[PDB]
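Structure first, then comments.
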Amino acid sequence: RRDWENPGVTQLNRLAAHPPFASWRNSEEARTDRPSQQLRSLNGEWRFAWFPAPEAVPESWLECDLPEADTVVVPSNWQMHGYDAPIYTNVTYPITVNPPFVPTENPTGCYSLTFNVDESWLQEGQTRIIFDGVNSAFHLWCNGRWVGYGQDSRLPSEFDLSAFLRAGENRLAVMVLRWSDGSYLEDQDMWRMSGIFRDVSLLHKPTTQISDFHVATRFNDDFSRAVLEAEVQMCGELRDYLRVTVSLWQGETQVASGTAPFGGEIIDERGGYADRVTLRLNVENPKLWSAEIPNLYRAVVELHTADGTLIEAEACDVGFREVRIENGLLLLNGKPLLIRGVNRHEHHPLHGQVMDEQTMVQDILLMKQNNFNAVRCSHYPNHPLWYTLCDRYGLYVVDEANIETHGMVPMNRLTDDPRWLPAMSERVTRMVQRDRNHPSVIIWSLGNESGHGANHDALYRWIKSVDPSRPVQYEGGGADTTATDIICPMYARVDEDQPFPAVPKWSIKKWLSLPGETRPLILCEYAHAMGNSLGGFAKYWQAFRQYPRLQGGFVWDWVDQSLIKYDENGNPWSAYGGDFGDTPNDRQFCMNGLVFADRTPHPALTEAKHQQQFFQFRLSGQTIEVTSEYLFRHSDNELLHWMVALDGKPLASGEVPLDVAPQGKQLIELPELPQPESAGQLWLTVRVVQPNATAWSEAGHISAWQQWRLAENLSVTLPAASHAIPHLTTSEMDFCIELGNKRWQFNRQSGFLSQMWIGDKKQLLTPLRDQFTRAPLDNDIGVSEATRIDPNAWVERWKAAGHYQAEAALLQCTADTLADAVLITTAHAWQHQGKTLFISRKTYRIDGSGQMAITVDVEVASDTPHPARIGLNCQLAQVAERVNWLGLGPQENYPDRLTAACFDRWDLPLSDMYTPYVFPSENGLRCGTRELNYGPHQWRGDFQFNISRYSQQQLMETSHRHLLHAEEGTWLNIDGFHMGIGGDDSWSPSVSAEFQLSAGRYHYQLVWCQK
Amino acid sequence: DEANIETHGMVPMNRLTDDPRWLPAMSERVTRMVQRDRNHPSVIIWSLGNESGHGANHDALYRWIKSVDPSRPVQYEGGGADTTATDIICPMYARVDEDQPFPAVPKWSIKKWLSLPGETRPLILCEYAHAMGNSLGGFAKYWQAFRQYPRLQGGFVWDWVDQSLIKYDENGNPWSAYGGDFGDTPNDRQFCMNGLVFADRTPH
Amino acid sequence: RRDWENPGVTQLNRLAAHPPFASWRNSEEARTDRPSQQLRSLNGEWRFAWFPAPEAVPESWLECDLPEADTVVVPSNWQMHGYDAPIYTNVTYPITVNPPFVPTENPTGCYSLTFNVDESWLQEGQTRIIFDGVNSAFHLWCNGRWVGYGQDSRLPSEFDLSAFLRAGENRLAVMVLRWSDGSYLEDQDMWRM
Ligand SMILES: *[C@@H]1C[C@@H](O)[C@@H](O)[C@@H](CO)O1
Ligand SMILES: *[C@@H]1C[C@@H](O)[C@@H](O)[C@@H](CO)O1
Ligand SMILES: [Mg+2]
Ligand SMILES: [Mg+2]
Ligand SMILES: [Mg+2]
Ligand SMILES: [Mg+2]
Ligand code: NA
Ligand code: NA
Ligand code: NA
Ligand code: NA
Ligand code: NA
Ligand code: NA
């Protein structure tokens, strides 16, 4: 049969999909959501053997364990146990595109289990097995007898074992195929693995049972009244004595309850459903569910007899909320949302695609703590627990069918084909059938990157028809097709259009008002966070707040998909595409998250948190106007804290509880600001602090901040009389300046400061030289490959221009003595292939005080590509424990990604000044710095810097962080100007014009002195 | 041109058509027809089938066609004759002046049906003037209404030819037989004979 | 497999649907809609045998004519040849309502045909068989080897026989089921044949 190469056969003997069941036989346990004796986990130790193809599997295996098999933990992805290599390919299918066929060599996972079954489960009722996740297709045998077949690696497949089991010891046999016709619809950009990777369980239901139930909540005009409607279906023999009671609870209080026999209303000429019944419960003043306040009730549905004998009970958490699109806006409980979303894959650096509650909770808490309120299940239905958690913790969820055919050419080749309709359909219908009762799901998604085909329009309608309660969305085919209620592009820019033919990405602002367009636009993906990215994030936040119909988006994405590998010494390191011998592969493209695989945040996360703050501020005079962006709750767990500091030195501060209604404003007058004695700039910082712990945060949690410069007092204070005069020593080859026990040497042929001594201690390992390039970022690189250059990428433009190859030719090097100083003057050209790319002119004024004042003026040929930076660099001989500075921090920050950073006095261990991106590149910059301290040195001015043990050269020659080695001394990069990092997407130039170094002529000044 | 989908015998009528598990089988009966017949100019309208209630599978299917072949309207009478799965109000047996307010699926007078609040589609009966036996009494009343009302655009009489079959007597002479004449049970006797013409084409 | 009791399986190995074709190798003929030598009719006399259930069908049939068979015209409805009764039921299903199951006594019509294929058809190209109407489901074999399966008694079911015929005499065997899960979608007010 090769059922695995036939999309017309997606399963055999599989039971209907339904909401989460547990078959409680006690109503209070169902009420309390306690573990059910009728629902058992078979997770644990199973038997496993790997085969190269289904054909190589021995018949024997069906009746008995293969000696050669191993004992392994289930759930798991067999690649994570080393049986075979996980593959990381983005768009290109990991198998030849020749649908519906798959390779003859098809890795086969044979799992088996010997377990007990109680007679009580067999003497009556129905016993079924549930495979929550099997990637990608499988055959099931029970006690050597064939049961059935299942496809769709992202939804549970259930089978009735009733007739196959026997009291006592039983044997399950599971043959899992790595590739199947289903893989054609599973082309998501992530690691390609296989196995039984989600839960395995046994569920017992009575023969007369609840076979399905739908819970709906509808409201009056101002949501002060609701009707809970519960449609219940049964299976088994109908009898007049059967009844269904549905009861609604608010904690221990029973809110409402309705009982009725089966027999629904007339549907058509043939009657109604004798096997269903709809209970209707009235609820006054329901407590509404929202990401802000996730209030839930509990619905308990009891199947029982007229005398009161309980047969069984099913149950769910219910959130009272209404989702609707009205007048072009997506409303929740009647208010327009502002989605602070993120896409999130099910990924664990050690367990691969196996999800545990701990990691789930970890993610949800970080998310909330970081001001996210929404999540998109990229790109398949999630492990069941995910929904319980979102319901309870409060996240708006986009549930998405497991459908992605990116690999086809054109992309809708399979989706526009009626022969793939059925397969696609089940991916949609079974998702709905499973998740329809979770309040956290507020939107349905047709899947991802499958172009736009007719099957999509058909599927869009089915849903709208069966569940009018949630909008349907879908990005394929241009993001605004007839298959979507929401304009939901991926990587559309704020202001700049990308008019691709057939599927342009318009500026979002512009897309809204295209002729005839009226829908809401919420990006399904934006601000691609690969490496040192998120450049321009604020720009999205500013347009979302200004335009009502711009309702947010989903950042791409939450966590890097890196895998843990171990070196010969047994140490672990983070691996990406190709690191397993997988080819072809897409290397680092699997690492696009705000947090590392291990949950440690990337610097970008803080930028996200600050822009997604729910409190907005304005300052006027001594007045601070705080506006709440909450739609439902009052600022009941917030205090505003403020502080005024002169150049990092605290002058005053204070606190005020916030008491602002959702969308309201609150004015706070600051007390008169005592004048200040001394030059410097006053800065006002405010912080929103939650005094009390919550289900998602700890007491003290800071939820928002903002700063403003206040008055500045310029220094006009004339220095002071130098106790000494520096001496100049002129030689053939060098200009030397000596002052006290300090010495500086400027080489005459190079034109650079090559050595500086403190006493007899040399301070430099490499001379102080201009620097115009940076170890390319992921964004600079784009998709360019040595194997296939992308001439338009930033890195390729710089290469080709000779930026990395350009060498300093000296034009001038003079020394002059002034009244109290020695002045060195130098001029250097950087050329390549006869073209002058940059010209740097400087002065070094060393004075009586030992301060070295450096002035830098640079010219950039207009026709050369704009450089990554314009700074100086050097390798210091010393290494120091801390880095102290006066400027923006404390975390890494770049021009287009510095909003979250605060101007203040920061002090960190040197290592915190390096950002360990898996794929190394320029990193650790801090901008707007007025003073930098390292060891005995201090640099003063208005610059950008990074300090670390790694040169830019090493960084750029190194592809994996674990392979970096600290060099001798400390590498210091001090930039007058640095280019923005971009990130609108990571495969095409994305740095906004305003962040390019295009002025042509640049000036900066610096003071290097000892402390 | 109508898909080969009729599940009249289910209780309620849309038991299968509202069942996703049945969406695939159904889809192929709809998509295969279109793929085959979409180039015939004579086909001016697509039909989703007959007497299978109104199910979500119908809405889905309706949309598919709308998408793939916008050159022709889609009609379907199940579940009320005016659901979201039909471009045309296409009841069977609705009367001219007389309403038949059955629950869930009333059969309004045709004239009245067109102006129900919010209604704007054209109305063309998928079935009317049941010609069984000595029938067609009140035929002119439909024509009078179709001519006077722009949106009453006609209908399809039920039906063309008696489904009677030939049998031989002991003498070998032929005779017209209907339901039950073959030992078939249960059967619906003469209900299979409702044509304007006899099984050999002679006119009634 | 009991393919006829599973709405999840409506065909096996069937070719995509498409508008009428004739593969003319002459453009003037195509213009005038003249008969095409590439489109051959198999209509006429076939061998048919009737059974009460698919289980009653003997294996022998697959490779060899049943001496017990009759010669009958095709196309036809077997009720009209007297092998069984046609049923006139309006609304009530002629079979017990228990989707997607059907009765175990299920009239089975075993059609076969021996016919010739010229080498020319086999040296190059593709040879398909087209069944325009088969009520209500069937399995097809060619030269004793299984080819495919199909349902929907009112659309053409097509299969590639390219890899199964040989120059000269060939044998088709078609097992036709009266009732199938497709019968659930075929409850029209008319004779059940
Ligand atoms: C959006 C779709 C997602 O699966 C990723 O491919 C992302 C790019 O890294 O784009
Ligand atoms: C409309 C449907 C058709 O097939 C017949 O049942 C007719 C009455 O004879 O009504
Ligand atoms: Mg398959
Ligand atoms: Mg993709
Ligand atoms: Mg079937
Ligand atoms: Mg009927
Ligand atoms: Na907005
Ligand atoms: Na990616
Ligand atoms: Na407060
Ligand atoms: Na690198
Ligand atoms: Na008219
Ligand atoms: Na009739």
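In the structure tokens, chains take the letters A, B, ... in the order shown, each chain's residues start at 1, and ligands count up from 1 in the order shown.
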
message = I need the residues of stretch 83-204 of chain B that end up classed as helix (DSSP H, G or I) by DSSP on the backbone, written out as a list in words.
response = residues 110, 111, 112, 113, 114, 139, 140, 141, 142, 143, 144, 145, 146, 147, 148, 189, 190, 191 and 192 of chain B

inquiry  = I need the chain B residues near chain C as a list in words; criterion: at most 6 Å, counting only C-alpha atoms.
reply    =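 Output check: residues 5, 6, 7, 8, 9, 25, 32, 35, 36, 179, 182, 184, 187 and 188 of chain B.
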
Site check for ligand 1: residues at most 7 Å away, only C-alpha atoms and all ligand atoms, as a PyMOL selection string = chain A and resi 90+188-189+378+490+525+528+556+589-590+592

Nearby polymer residues, ligand 7, at most 12 Å, only C-alpha atoms and all ligand atoms, as JSON, numbers by chain = {"A": [328, 329, 330, 331, 335, 336, 337, 338, 339, 340, 508, 509, 512, 520, 521, 522, 523, 540, 541, 542, 543, 544, 545, 546, 547, 548, 549, 550, 551, 552, 553, 629]}

message = With only C-alpha atoms considered, list every residue of chain A at most 7 Å from chain B, as a PyMOL selection string.
response = chain A and resi 266-273+418+422+429+454-455+457-459+461-462+465-466

Would you mind exporting N, CA, C and O atoms of the selected residues as a PDB file, in the first residue's frame?
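Listed below is the output, part_20.pdb:
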```
ATOM      1  N   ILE A 266     -34.991  21.176  15.614  1.00  0.00           N
ATOM      2  CA  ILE A 266     -35.121  20.847  14.218  1.00  0.00           C
ATOM      3  C   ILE A 266     -34.067  21.572  13.383  1.00  0.00           C
ATOM      4  O   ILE A 266     -33.893  22.782  13.518  1.00  0.00           O
ATOM      5  N   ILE A 267     -33.340  20.855  12.531  1.00  0.00           N
ATOM      6  CA  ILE A 267     -32.338  21.453  11.672  1.00  0.00           C
ATOM      7  C   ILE A 267     -32.880  21.592  10.236  1.00  0.00           C
ATOM      8  O   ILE A 267     -32.738  22.635   9.563  1.00  0.00           O
ATOM      9  N   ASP A 268     -33.478  20.524   9.693  1.00  0.00           N
ATOM     10  CA  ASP A 268     -33.975  20.631   8.285  1.00  0.00           C
ATOM     11  C   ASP A 268     -35.167  19.728   8.109  1.00  0.00           C
ATOM     12  O   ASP A 268     -35.747  19.310   9.080  1.00  0.00           O
ATOM     13  N   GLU A 269     -35.533  19.448   6.869  1.00  0.00           N
ATOM     14  CA  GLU A 269     -36.703  18.633   6.588  1.00  0.00           C
ATOM     15  C   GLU A 269     -36.653  17.272   7.237  1.00  0.00           C
ATOM     16  O   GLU A 269     -37.676  16.669   7.425  1.00  0.00           O
ATOM     17  N   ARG A 270     -35.462  16.771   7.517  1.00  0.00           N
ATOM     18  CA  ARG A 270     -35.246  15.481   8.121  1.00  0.00           C
ATOM     19  C   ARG A 270     -35.235  15.572   9.611  1.00  0.00           C
ATOM     20  O   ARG A 270     -35.224  14.531  10.209  1.00  0.00           O
ATOM     21  N   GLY A 271     -35.322  16.748  10.222  1.00  0.00           N
ATOM     22  CA  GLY A 271     -35.355  16.715  11.693  1.00  0.00           C
ATOM     23  C   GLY A 271     -34.169  17.447  12.277  1.00  0.00           C
ATOM     24  O   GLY A 271     -33.635  18.416  11.656  1.00  0.00           O
ATOM     25  N   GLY A 272     -33.756  16.987  13.445  1.00  0.00           N
ATOM     26  CA  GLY A 272     -32.595  17.559  14.146  1.00  0.00           C
ATOM     27  C   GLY A 272     -31.675  16.447  14.644  1.00  0.00           C
ATOM     28  O   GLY A 272     -31.783  15.258  14.272  1.00  0.00           O
ATOM     29  N   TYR A 273     -30.704  16.834  15.457  1.00  0.00           N
ATOM     30  CA  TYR A 273     -29.759  15.810  15.946  1.00  0.00           C
ATOM     31  C   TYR A 273     -30.273  15.237  17.240  1.00  0.00           C
ATOM     32  O   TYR A 273     -30.232  15.902  18.283  1.00  0.00           O
ATOM     33  N   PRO A 418      -6.938  20.773  -6.331  1.00  0.00           N
ATOM     34  CA  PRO A 418      -8.037  20.140  -5.616  1.00  0.00           C
ATOM     35  C   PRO A 418      -7.652  18.764  -5.123  1.00  0.00           C
ATOM     36  O   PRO A 418      -8.222  18.222  -4.184  1.00  0.00           O
ATOM     37  N   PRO A 422      -8.127  17.705   0.317  1.00  0.00           N
ATOM     38  CA  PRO A 422      -8.445  16.864   1.452  1.00  0.00           C
ATOM     39  C   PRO A 422      -7.398  16.827   2.568  1.00  0.00           C
ATOM     40  O   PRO A 422      -7.685  16.978   3.731  1.00  0.00           O
ATOM     41  N   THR A 429      -9.281  21.442   9.646  1.00  0.00           N
ATOM     42  CA  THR A 429     -10.432  21.100  10.458  1.00  0.00           C
ATOM     43  C   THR A 429     -10.110  20.495  11.796  1.00  0.00           C
ATOM     44  O   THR A 429     -10.900  20.747  12.688  1.00  0.00           O
ATOM     45  N   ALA A 454      -6.869  28.009  -4.308  1.00  0.00           N
ATOM     46  CA  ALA A 454      -8.313  27.885  -4.135  1.00  0.00           C
ATOM     47  C   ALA A 454      -8.650  27.096  -2.889  1.00  0.00           C
ATOM     48  O   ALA A 454      -9.656  27.371  -2.199  1.00  0.00           O
ATOM     49  N   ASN A 455      -7.787  26.116  -2.529  1.00  0.00           N
ATOM     50  CA  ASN A 455      -8.065  25.327  -1.289  1.00  0.00           C
ATOM     51  C   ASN A 455      -8.087  26.246  -0.078  1.00  0.00           C
ATOM     52  O   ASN A 455      -8.814  26.077   0.882  1.00  0.00           O
ATOM     53  N   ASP A 457      -9.133  29.364  -0.071  1.00  0.00           N
ATOM     54  CA  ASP A 457     -10.408  30.077  -0.016  1.00  0.00           C
ATOM     55  C   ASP A 457     -11.490  29.150   0.487  1.00  0.00           C
ATOM     56  O   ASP A 457     -12.354  29.501   1.294  1.00  0.00           O
ATOM     57  N   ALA A 458     -11.434  27.922   0.023  1.00  0.00           N
ATOM     58  CA  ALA A 458     -12.431  26.957   0.517  1.00  0.00           C
ATOM     59  C   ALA A 458     -12.246  26.798   2.043  1.00  0.00           C
ATOM     60  O   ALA A 458     -13.209  26.707   2.786  1.00  0.00           O
ATOM     61  N   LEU A 459     -10.993  26.674   2.519  1.00  0.00           N
ATOM     62  CA  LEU A 459     -10.782  26.406   3.942  1.00  0.00           C
ATOM     63  C   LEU A 459     -11.106  27.562   4.860  1.00  0.00           C
ATOM     64  O   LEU A 459     -11.552  27.427   6.038  1.00  0.00           O
ATOM     65  N   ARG A 461     -13.449  29.693   4.250  1.00  0.00           N
ATOM     66  CA  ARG A 461     -14.882  29.708   4.422  1.00  0.00           C
ATOM     67  C   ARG A 461     -15.363  28.624   5.369  1.00  0.00           C
ATOM     68  O   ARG A 461     -16.294  28.792   6.142  1.00  0.00           O
ATOM     69  N   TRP A 462     -14.810  27.448   5.282  1.00  0.00           N
ATOM     70  CA  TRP A 462     -15.325  26.444   6.213  1.00  0.00           C
ATOM     71  C   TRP A 462     -15.264  27.002   7.656  1.00  0.00           C
ATOM     72  O   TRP A 462     -16.120  26.925   8.556  1.00  0.00           O
ATOM     73  N   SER A 465     -17.451  29.507   8.587  1.00  0.00           N
ATOM     74  CA  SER A 465     -18.783  28.985   8.747  1.00  0.00           C
ATOM     75  C   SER A 465     -18.990  28.257  10.057  1.00  0.00           C
ATOM     76  O   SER A 465     -19.980  28.438  10.752  1.00  0.00           O
ATOM     77  N   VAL A 466     -18.043  27.418  10.430  1.00  0.00           N
ATOM     78  CA  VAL A 466     -18.200  26.668  11.669  1.00  0.00           C
ATOM     79  C   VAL A 466     -17.845  27.451  12.931  1.00  0.00           C
ATOM     80  O   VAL A 466     -18.302  27.076  13.986  1.00  0.00           O
TER      81      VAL A 466
END
```

message = With DSSP run on the backbone, what are the strand (DSSP E or B) residues within stretch 7-169 of chain C? I'd like them as an MDAnalysis selection string.
response = chainID C and resid 11:12 44:51 70:74 87:89 108:117 128:131 137:142 145:151 157:160 168:169

inquiry  = Give me, as a VMD selection string, the set of residues whose atoms come within 9 Å of any atom of ligand 4, counting only C-alpha atoms and all ligand atoms.
reply    = chain A and resid 90 to 91 187 to 190 404 to 407 448 to 450

Could you tell me which residues of chain A sit within 9 Å of chain C when counting only C-alpha atoms, and give me the result as a compact mmCIF listing (two decimals) with C-alpha atoms, in the first residue's frame?
```
# COMPACT_ATOMS: atom_id res chain seq x y z
CA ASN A 6 -0.63 9.12 -1.28
CA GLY A 8 -5.55 10.66 -0.56
CA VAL A 9 -4.78 8.55 2.49
CA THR A 10 -3.97 10.61 5.47
CA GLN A 11 -4.98 8.10 7.99
CA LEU A 12 -6.73 4.75 8.43
CA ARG A 419 -6.23 16.88 -5.18
```

request  = Just give me the gap between atom CA of residue A:1008 and atom CA of residue A:815 in Å, one decimal is fine.
outcome  = 18.4 Å

inquiry  = My list of candidates is C:135, C:76, C:143, C:116. Which is closest to residue C:172 when distances are computed with only C-alpha atoms?
reply    = C:143

Could you please extract the residues within 10 Å of ligand 3, counting only C-alpha atoms and all ligand atoms, and hand them back as a tab-separated table (two decimals) with N, CA, C and O atoms, in the first residue's frame?
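Saved as pocket.tsv:
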```tsv
chain	number	residue	atom	x	y	z
A	1	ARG	N	0.76	-1.26	0.00
A	1	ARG	CA	0.00	0.00	0.00
A	1	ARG	C	0.79	1.31	0.00
A	1	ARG	O	0.26	2.27	-0.52
A	2	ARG	N	2.00	1.42	0.55
A	2	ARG	CA	2.74	2.71	0.55
A	2	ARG	C	1.80	3.87	0.79
A	2	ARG	O	1.73	4.83	0.01
A	3	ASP	N	1.08	3.79	1.89
A	3	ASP	CA	0.13	4.84	2.18
A	3	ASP	C	0.79	6.17	2.37
A	3	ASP	O	0.14	7.23	2.38
A	4	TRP	N	2.10	6.09	2.54
A	4	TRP	CA	2.91	7.28	2.77
A	4	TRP	C	3.31	8.00	1.50
A	4	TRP	O	4.12	8.93	1.53
A	5	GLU	N	2.74	7.61	0.38
A	5	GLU	CA	3.05	8.35	-0.85
A	5	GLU	C	1.72	8.53	-1.54
A	5	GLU	O	1.54	8.21	-2.71
A	6	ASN	N	0.72	8.97	-0.79
A	6	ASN	CA	-0.63	9.12	-1.28
A	6	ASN	C	-1.35	10.10	-0.38
A	6	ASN	O	-1.79	9.77	0.71
A	7	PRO	N	-1.49	11.29	-0.85
A	7	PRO	CA	-2.16	12.31	-0.07
A	7	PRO	C	-3.63	11.99	0.02
A	7	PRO	O	-4.32	12.68	0.73
A	8	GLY	N	-4.12	10.97	-0.68
A	8	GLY	CA	-5.55	10.66	-0.56
A	8	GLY	C	-5.78	9.78	0.68
A	8	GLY	O	-6.90	9.46	1.10
A	9	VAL	N	-4.68	9.41	1.30
A	9	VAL	CA	-4.78	8.55	2.49
A	9	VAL	C	-3.95	9.21	3.51
A	9	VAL	O	-2.73	9.11	3.40
A	10	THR	N	-4.64	9.88	4.42
A	10	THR	CA	-3.97	10.61	5.47
A	10	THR	C	-4.09	9.89	6.78
A	10	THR	O	-3.50	10.27	7.77
A	11	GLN	N	-4.85	8.82	6.77
A	11	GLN	CA	-4.98	8.10	7.99
A	11	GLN	C	-5.87	6.92	7.64
A	11	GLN	O	-6.58	6.96	6.61
A	12	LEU	N	-5.86	5.92	8.52
A	12	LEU	CA	-6.73	4.75	8.43
A	12	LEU	C	-7.08	4.38	9.87
A	12	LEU	O	-6.21	4.24	10.72
A	100	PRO	N	3.52	12.76	-5.12
A	100	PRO	CA	3.54	12.62	-3.68
A	100	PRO	C	4.65	11.68	-3.22
A	100	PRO	O	4.62	11.13	-2.11
A	101	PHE	N	5.67	11.46	-4.02
A	101	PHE	CA	6.69	10.52	-3.56
A	101	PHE	C	7.77	11.00	-2.62
A	101	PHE	O	8.18	12.21	-2.65
A	137	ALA	N	4.74	10.26	9.82
A	137	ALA	CA	3.63	9.41	9.50
A	137	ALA	C	3.92	8.07	10.19
A	137	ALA	O	5.07	7.72	10.39
A	138	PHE	N	2.90	7.30	10.53
A	138	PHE	CA	3.18	6.04	11.20
A	138	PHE	C	2.07	4.98	11.09
A	138	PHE	O	0.90	5.34	10.92
A	149	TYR	N	-3.24	3.90	10.72
A	149	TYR	CA	-2.25	4.80	10.14
A	149	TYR	C	-2.55	6.31	10.39
A	149	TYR	O	-3.69	6.75	10.43
A	150	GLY	N	-1.52	7.15	10.62
A	150	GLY	CA	-1.80	8.55	10.88
A	150	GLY	C	-0.80	9.47	10.24
A	150	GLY	O	0.38	9.08	10.13
A	151	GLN	N	-1.27	10.65	9.79
A	151	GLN	CA	-0.43	11.69	9.17
A	151	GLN	C	-0.70	13.01	9.88
A	151	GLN	O	-1.62	13.05	10.68
A	152	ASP	N	0.07	14.06	9.60
A	152	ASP	CA	0.01	15.39	10.29
A	152	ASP	C	0.83	15.29	11.58
A	152	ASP	O	0.35	14.79	12.59
A	180	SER	N	6.95	11.41	4.28
A	180	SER	CA	5.66	10.96	3.82
A	180	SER	C	5.08	12.05	2.93
A	180	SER	O	5.71	13.12	2.81
A	181	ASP	N	3.94	11.78	2.28
A	181	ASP	CA	3.30	12.77	1.43
A	181	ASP	C	2.97	13.98	2.33
A	181	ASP	O	2.81	15.14	1.91
A	182	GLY	N	2.87	13.71	3.63
A	182	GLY	CA	2.64	14.81	4.58
A	182	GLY	C	3.81	15.81	4.62
A	182	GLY	O	3.68	17.04	4.75
A	183	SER	N	5.05	15.32	4.51
A	183	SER	CA	6.16	16.24	4.49
A	183	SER	C	5.95	17.32	3.44
A	183	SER	O	6.56	18.36	3.49
A	423	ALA	N	-6.15	16.68	2.18
A	423	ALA	CA	-5.03	16.64	3.08
A	423	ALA	C	-4.90	17.98	3.77
A	423	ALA	O	-4.65	18.09	4.99
```

message = Neighbouring residues of residue B:75 were defined as those with any atom within 8 Å, considering only C-alpha atoms; residues of the same chain fewer than 6 positions away were excluded. Please report them as a list in words.
response =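 Answer for this query is residues 45, 46, 47, 48, 85, 86, 87, 88, 89 and 90 of chain B.
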
key: Non-local contacts of stretch 75-89 of chain A (9 Å; only C-alpha atoms; under 4 positions in same chain excluded) as a VMD selection string   = chain A and resid 43 to 44 49 to 50 93 to 94 107 109 133 135 187 to 200 350 to 354 576 to 578 580 to 587 589 to 590

message = At a cut-off of 9 Å and counting only C-alpha atoms and all ligand atoms, what residues surround ligand 9? Please answer as an NGL selection string.
response = :A and (634-640 or 656-660 or 690-691)

Now that the selection is made, can you save its residues with C-alpha atoms as a PDB file, in the first residue's frame?
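The result, stored in again-v2.pdb:
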```pdb
ATOM      1  CA  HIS A 634      -6.379  50.164  36.003  1.00  0.00           C
ATOM      2  CA  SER A 635      -2.706  50.696  36.998  1.00  0.00           C
ATOM      3  CA  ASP A 636      -3.348  48.864  40.284  1.00  0.00           C
ATOM      4  CA  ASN A 637       0.156  47.542  40.738  1.00  0.00           C
ATOM      5  CA  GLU A 638       2.322  50.234  39.597  1.00  0.00           C
ATOM      6  CA  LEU A 639       4.357  52.979  41.093  1.00  0.00           C
ATOM      7  CA  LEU A 640       6.156  55.726  39.268  1.00  0.00           C
ATOM      8  CA  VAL A 656       4.279  58.306  43.290  1.00  0.00           C
ATOM      9  CA  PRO A 657       1.756  55.543  42.984  1.00  0.00           C
ATOM     10  CA  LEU A 658       0.182  55.480  39.554  1.00  0.00           C
ATOM     11  CA  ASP A 659      -3.525  55.421  39.458  1.00  0.00           C
ATOM     12  CA  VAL A 660      -4.498  55.561  35.913  1.00  0.00           C
ATOM     13  CA  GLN A 690       5.192  46.770  40.220  1.00  0.00           C
ATOM     14  CA  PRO A 691       5.441  46.587  43.954  1.00  0.00           C
TER      15      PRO A 691
END
```

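Distance annotation: of A:341, A:349, A:924, A:969, the residue with the minimal separation from residue A:572 is A:349; atom set is only C-alpha atoms.
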
ask   = Within 10 Å of stretch 141-149 of chain B, counting only C-alpha atoms, which residues qualify if same-chain residues fewer than 3 places away don't, as an MDAnalysis selection string?
value = chainID B and resid 95:97 110:111 114 123:124 128:129 137:138 152:155

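Going from atom CA of residue A:908 to atom CA of residue A:939 covers 16.6 Å.
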
inquiry  = Can you pull out the residues contacting residue A:562? Cut-off 9 Å, using only C-alpha atoms, and skip same-chain residues under 4 positions away; I want them as a list in words.
reply    =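 Everything that qualifies: residues 347, 348, 349, 574, 575, 576, 577, 588, 590, 591, 596, 597, 598 and 918 of chain A.
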
d(atom CA of residue A:446, atom CA of residue A:400) in Å =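 Going from atom CA of residue A:446 over to atom CA of residue A:400, I get 5.9 Å.
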
query = Pick the closest to ligand 2 from B:180, B:122, B:172, B:49: which is it, counting only C-alpha atoms and all ligand atoms?
reply = B:49
